[PDB]
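Trainee: Quick one: the structure is below, and I'll ask about it shortly.
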Amino acid sequence: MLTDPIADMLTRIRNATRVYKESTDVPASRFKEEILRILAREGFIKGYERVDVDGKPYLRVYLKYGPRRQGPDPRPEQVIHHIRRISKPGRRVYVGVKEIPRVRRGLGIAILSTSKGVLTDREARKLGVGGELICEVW
Amino acid sequence: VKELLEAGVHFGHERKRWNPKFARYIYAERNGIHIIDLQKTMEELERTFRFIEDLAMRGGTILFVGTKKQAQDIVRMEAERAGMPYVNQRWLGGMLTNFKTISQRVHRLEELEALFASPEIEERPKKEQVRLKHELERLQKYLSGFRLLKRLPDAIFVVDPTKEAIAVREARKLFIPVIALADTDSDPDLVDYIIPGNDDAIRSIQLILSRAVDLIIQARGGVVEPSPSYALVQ
Amino acid sequence: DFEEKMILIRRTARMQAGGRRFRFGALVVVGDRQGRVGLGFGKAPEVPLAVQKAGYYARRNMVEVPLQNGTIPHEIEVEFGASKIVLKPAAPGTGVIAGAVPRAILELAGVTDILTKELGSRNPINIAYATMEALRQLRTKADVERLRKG
RNA sequence: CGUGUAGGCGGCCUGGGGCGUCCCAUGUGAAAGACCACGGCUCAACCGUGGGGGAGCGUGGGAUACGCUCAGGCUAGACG
RNA sequence: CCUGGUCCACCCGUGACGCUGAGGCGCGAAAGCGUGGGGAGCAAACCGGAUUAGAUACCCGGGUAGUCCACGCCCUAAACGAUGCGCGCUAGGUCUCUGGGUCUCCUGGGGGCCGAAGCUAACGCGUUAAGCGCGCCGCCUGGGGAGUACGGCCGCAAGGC
Ligand SMILES: [Mg+2]
Ligand SMILES: [Mg+2]
Ligand SMILES: [Mg+2]
Ligand SMILES: [Mg+2]
Ligand SMILES: [Mg+2]
Ligand SMILES: [Mg+2]
Ligand SMILES: [Mg+2]
Ligand SMILES: [Mg+2]
Ligand SMILES: [Mg+2]
Ligand SMILES: [Mg+2]
Ligand SMILES: [Mg+2]
Ligand SMILES: [Mg+2]
Ligand SMILES: [Mg+2]
Ligand SMILES: [Mg+2]
Ligand SMILES: [Mg+2]
Ligand SMILES: [Mg+2]
Ligand SMILES: [Mg+2]
Ligand SMILES: [Mg+2]
Ligand SMILES: [Mg+2]
Ligand SMILES: [Mg+2]
Ligand SMILES: [Mg+2]
Ligand SMILES: [Mg+2]
Ligand SMILES: [Mg+2]
Ligand SMILES: [Mg+2]
Ligand SMILES: [Mg+2]
Ligand SMILES: [Mg+2]
Ligand SMILES: [Mg+2]
Ligand SMILES: [Mg+2]
Ligand SMILES: [Mg+2]
Ligand SMILES: [Mg+2]
Ligand SMILES: [Mg+2]
Ligand SMILES: [Mg+2]
Ligand SMILES: [Mg+2]
Ligand SMILES: [Mg+2]
Ligand SMILES: [Mg+2]
Ligand SMILES: [Mg+2]
Ligand SMILES: [Mg+2]
Ligand SMILES: [Mg+2]
Ligand SMILES: [Mg+2]
Ligand SMILES: [Mg+2]
Ligand SMILES: [Mg+2]
Ligand SMILES: [Mg+2]
């Protein structure tokens, strides 16, 4: 019945990607799109858009992959080699402004929910705030 | 000129024993068989020959291979009729990948090709006269098209890839542009320049292989008539 | 020709009527020291032969270690079979803190400062191939966004 | 192996409260020790002086994405 | 005859009423036990006969409790897929049981084989996951000592936890 919808979205994404798919449709969720917007506003996916599978509103999420490769396993590298939820329903993960993560020595990101919106490992830091460490991509 | 030819009788092949990857190249399933989408075929043919042409004009050798009977003979033709090496018999293992060592035999070929015409034939017992002569029959039986250039190919063209995927592999580990005419019973991905279309009916094979060699020559000078295609072609 | 320092050498054995027959495995590393390292494991009837082959096989298998200031571009954990391994870049003038293996490989890698640790099985061979895939998976801020162009 | 109590966890949308959570300010956090300088005994060991950091907890002001909660609605879960 | 669960179709109703589940309660092969009944065949034990150095066995001839039924106990197991339950996501091919349709086909439920990606120490697994994920329970922490001892709880006992 889906306990944590968000962790799912990531997984749906983490799977569709691992096979190289055009787009994936994660179920409608304002807060979800946020992690999406951010996910794109940071250039991890071509983008997304609302749809409806018979009164069932989902969200097309277009995946971005790399260039074809030379040699065996000519499988194109991916934009997202790793996404994993942090704060889980079975163990909420909160962090203070000084506690925010440093994802992949800076190359990475760390979406998170804050009292004043949904920011990232830099944004939130710049805003100098804190909140539920939603997760981390890179 | 193109379309018509193909639309003629050179598309749609293997049925219900496909590969989902190759789902991007296919129009529908008529009475069972998978009817490949020629519309797209064409597009691919382009990029492919583009490459061929962008190579046939820069002094580059190509290696053709086809170890299947319903496509042997022809491949033997189009190759000699272009000076491009090729493989019609048993594609030895480790050719490209163990060239230096396979070559060793090519050298053994001439080793005999020379002792063939010589006064040393006056002697030598019947034991060897048969041994060597035979040792050559086969020797000559496999390298008839794998000699020409004592240097790896800059690429390789092929009929049914999966049928000879082993060659393909070798090619891929050594980084060597892979081009080939594959049908629905094969996986694109590991194929660089994909010519989607029937791999068994010599009808399609001849055509796609034909206009290929010509194109190889159009970039060399000497445009002529086609090669011996019919002799028992249905 | 590079540095060419061999990780480990051993004497495996096989059984057969009358007795056991031997062979030798040599694992070698070959790096220039500018970002090129190769890992070749050579096996053959005799130490020397083994050694050499390791080198040969090695050169034939190398990788562009994207160094930076003398250390790695970022932190990385790589599980390879039973073995696992961590790689953390340390500020200049730190040291190459790792076990015999990741070192020998990372020394020639060109890195001069890097923090490490072998996890799970400490088997050479495997940690070896483990280290490789580690490096072979590194990124720079460039080739990073170089991917997120759009 | 099953049924199920406590407990743990919980779909989508709109609004009120603001306990969790987060920010600011202020009190507190003895000295000694720990870290940074600088000096005192020939050096050091000891020692002096100044600086810098301390989770936690109280009070005052504020934020509301997420968990909580109350309230109104929905039909993809569940039941008929 | 009485009765449980489960599957499909129709978009009709409720409107998050859900998942899990310490303890608890129930069920729980065979063997075994209690009261009463039944008893052909088979058959621990037992007695003969062979075999053998011996043969408290394997083979042969006999043979009781038991195996059966009613009611009540015992509650273990290679109680095994040796794989906790629930939900979501990730190529296909093949044959097979069962349901529906403007029925060479499409679509739903279950059981097998082969296998994408991926996982694995390997064997193998692979939309019936051992893949990628979340919730909750159970449990593990070198071998022998020992599933033994003691204590407690249960049982008529054998014993069990
Ligand atoms: Mg022998
Ligand atoms: Mg690079
Ligand atoms: Mg492995
Ligand atoms: Mg592991
Ligand atoms: Mg160990
Ligand atoms: Mg239950
Ligand atoms: Mg509850
Ligand atoms: Mg509060
Ligand atoms: Mg707090
Ligand atoms: Mg203070
Ligand atoms: Mg103090
Ligand atoms: Mg002094
Ligand atoms: Mg002081
Ligand atoms: Mg503070
Ligand atoms: Mg409600
Ligand atoms: Mg019924
Ligand atoms: Mg309704
Ligand atoms: Mg209503
Ligand atoms: Mg029983
Ligand atoms: Mg019984
Ligand atoms: Mg008894
Ligand atoms: Mg009897
Ligand atoms: Mg008997
Ligand atoms: Mg006797
Ligand atoms: Mg005896
Ligand atoms: Mg009974
Ligand atoms: Mg009972
Ligand atoms: Mg047992
Ligand atoms: Mg079983
Ligand atoms: Mg099925
Ligand atoms: Mg069955
Ligand atoms: Mg595989
Ligand atoms: Mg399998
Ligand atoms: Mg599915
Ligand atoms: Mg299947
Ligand atoms: Mg497992
Ligand atoms: Mg359970
Ligand atoms: Mg012990
Ligand atoms: Mg012990
Ligand atoms: Mg006791
Ligand atoms: Mg008693
Ligand atoms: Mg009794």
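Letters A, B, ... mark the chains of the structure tokens in the order given; residue numbers begin at 1 per chain; ligand numbers begin at 1, in order shown.
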DSSP on the backbone: which residues in segment 14-136 of chain A end up as strand (DSSP E or B)? Give the answer as a VMD selection string.
Mentor: chain A and resid 23 to 27 45 to 50 58 to 63 65 78 83 to 85 88 91 94 to 95 109 112 to 114 117 to 119 131 to 132 135 to 136
Trainee: Using only C-alpha atoms (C1' of nucleotides) and all ligand atoms, which residues of the polymer chains come no farther than 8 Å from ligand 32? I'd like the answer as a PDB file with N, CA, C and O atoms (P, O5', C5', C4', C3', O3' and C1' of nucleotides), in the first residue's frame.
Mentor:
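As a result, result.pdb now contains:
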ATOM      1  P     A E 116      20.464 -14.361 -19.442  1.00  0.00           P
ATOM      2  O5'   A E 116      19.923 -12.909 -19.824  1.00  0.00           O
ATOM      3  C5'   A E 116      18.582 -12.487 -19.503  1.00  0.00           C
ATOM      4  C4'   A E 116      18.364 -11.065 -19.967  1.00  0.00           C
ATOM      5  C3'   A E 116      19.161  -9.997 -19.232  1.00  0.00           C
ATOM      6  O3'   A E 116      20.467  -9.836 -19.782  1.00  0.00           O
ATOM      7  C1'   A E 116      16.893  -9.302 -19.478  1.00  0.00           C
ATOM      8  P     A E 117      21.736  -9.636 -18.805  1.00  0.00           P
ATOM      9  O5'   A E 117      21.385  -8.319 -17.975  1.00  0.00           O
ATOM     10  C5'   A E 117      21.463  -7.010 -18.584  1.00  0.00           C
ATOM     11  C4'   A E 117      20.890  -5.953 -17.656  1.00  0.00           C
ATOM     12  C3'   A E 117      21.487  -5.899 -16.259  1.00  0.00           C
ATOM     13  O3'   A E 117      22.662  -5.118 -16.213  1.00  0.00           O
ATOM     14  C1'   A E 117      19.124  -5.938 -16.099  1.00  0.00           C
ATOM     15  P     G E 118      23.918  -5.653 -15.376  1.00  0.00           P
ATOM     16  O5'   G E 118      23.335  -5.708 -13.899  1.00  0.00           O
ATOM     17  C5'   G E 118      22.808  -4.525 -13.268  1.00  0.00           C
ATOM     18  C4'   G E 118      22.054  -4.900 -12.016  1.00  0.00           C
ATOM     19  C3'   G E 118      22.806  -5.831 -11.071  1.00  0.00           C
ATOM     20  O3'   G E 118      23.611  -5.106 -10.149  1.00  0.00           O
ATOM     21  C1'   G E 118      20.657  -6.714 -11.511  1.00  0.00           C
TER      22        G E 118
END
Trainee: Skip segment 62-70 of chain D itself and residues of its chain fewer than 3 positions away, then list as a PDB file with C-alpha atoms (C1' of nucleotides), in the first residue's frame all residues within 8 Å of it, counting only C-alpha atoms (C1' of nucleotides).
Mentor:
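The result, stored in result-v2.pdb:
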ATOM      1  CA  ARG A  92      12.898  10.407  10.853  1.00  0.00           C
ATOM      2  CA  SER A 113      12.523  19.643   3.576  1.00  0.00           C
ATOM      3  CA  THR A 114      12.708  22.853   5.595  1.00  0.00           C
ATOM      4  CA  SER A 115      10.303  25.104   7.435  1.00  0.00           C
ATOM      5  CA  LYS A 116      10.855  27.584   4.623  1.00  0.00           C
ATOM      6  CA  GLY A 117      10.510  25.354   1.573  1.00  0.00           C
ATOM      7  CA  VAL A 118      12.400  22.493  -0.071  1.00  0.00           C
ATOM      8  CA  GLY A 131      14.977  20.322   8.515  1.00  0.00           C
ATOM      9  CA  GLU A 132      14.121  16.739   7.575  1.00  0.00           C
TER      10      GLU A 132
ATOM     11  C1'   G D  16      -6.770  26.209  11.653  1.00  0.00           C
ATOM     12  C1'   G D  17      -3.183  25.136  15.916  1.00  0.00           C
ATOM     13  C1'   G D  18       2.260  24.893  16.145  1.00  0.00           C
ATOM     14  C1'   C D  19       3.884  19.554  20.231  1.00  0.00           C
ATOM     15  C1'   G D  20       8.178  17.218  17.129  1.00  0.00           C
ATOM     16  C1'   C D  22      14.249  24.463  12.262  1.00  0.00           C
ATOM     17  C1'   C D  23      16.260  29.819  12.951  1.00  0.00           C
ATOM     18  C1'   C D  24      17.521  34.251  15.935  1.00  0.00           C
TER      19        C D  24
END
Trainee: May I have the residues within 8 Å of ligand 7, computed using only C-alpha atoms (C1' of nucleotides) and all ligand atoms, as number ranges by chain?
Mentor: D: 6-8
Trainee: Interatomic distance between atom CA of residue 100 of chain A and atom CA of residue 84 of chain C?
Mentor: 26.5 Å
Trainee: For residue 177 of chain B, find every residue with an atom within 9 Å (counting only C-alpha atoms (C1' of nucleotides)), except residues of its own chain fewer than 4 positions away, and show them as a count of residues only.
Mentor: 11
Trainee: Name each residue within 9 Å of ligand 3, counting only C-alpha atoms (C1' of nucleotides) and all ligand atoms, as number ranges by chain.
Mentor: C: 80-82; E: 120
Trainee: Would you output that residue set with C-alpha atoms (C1' of nucleotides), as a PDB file, in the first residue's frame?
Mentor:
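Output (selection.pdb):
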ATOM      1  CA  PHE C  80      33.516  -5.893  -5.333  1.00  0.00           C
ATOM      2  CA  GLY C  81      32.527  -9.395  -4.332  1.00  0.00           C
ATOM      3  CA  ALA C  82      33.388 -10.220  -0.738  1.00  0.00           C
TER       4      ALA C  82
ATOM      5  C1'   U E 120      25.455 -14.098  -5.273  1.00  0.00           C
TER       6        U E 120
END
Trainee: Enumerate as a list in words the residues within 9 Å of ligand 33, counting only C-alpha atoms (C1' of nucleotides) and all ligand atoms.
Mentor: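 Using only C-alpha atoms (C1' of nucleotides) and all ligand atoms, everything at most 9 Å from ligand 33 comes to residues 113, 114, 115, 124, 125 and 126 of chain E.
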Trainee: Write out as a PyMOL selection string which residues come within 7 Å of segment 76-81 of chain A when counting only C-alpha atoms (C1' of nucleotides), dropping same-chain ones fewer than 5 positions away.
Mentor: (chain A and resi 44+64-69+138) or (chain C and resi 147-148)
Trainee: Selected residues, C-alpha atoms, written as a short mmCIF file (atom, residue, chain, number, x, y, z; two decimals), in the first residue's frame, please.
Mentor:
data_model
loop_
_atom_site.label_atom_id
_atom_site.label_comp_id
_atom_site.auth_asym_id
_atom_site.auth_seq_id
_atom_site.Cartn_x
_atom_site.Cartn_y
_atom_site.Cartn_z
CA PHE A 44 19.34 15.35 -13.20
CA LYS A 64 18.57 11.95 -18.82
CA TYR A 65 21.41 9.56 -19.64
CA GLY A 66 24.90 9.95 -21.05
CA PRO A 67 26.59 9.31 -24.45
CA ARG A 68 26.91 5.83 -25.97
CA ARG A 69 30.21 4.16 -25.11
CA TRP A 138 24.63 12.23 -7.20
CA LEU C 147 26.80 15.31 -18.15
CA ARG C 148 24.04 17.58 -16.86
#
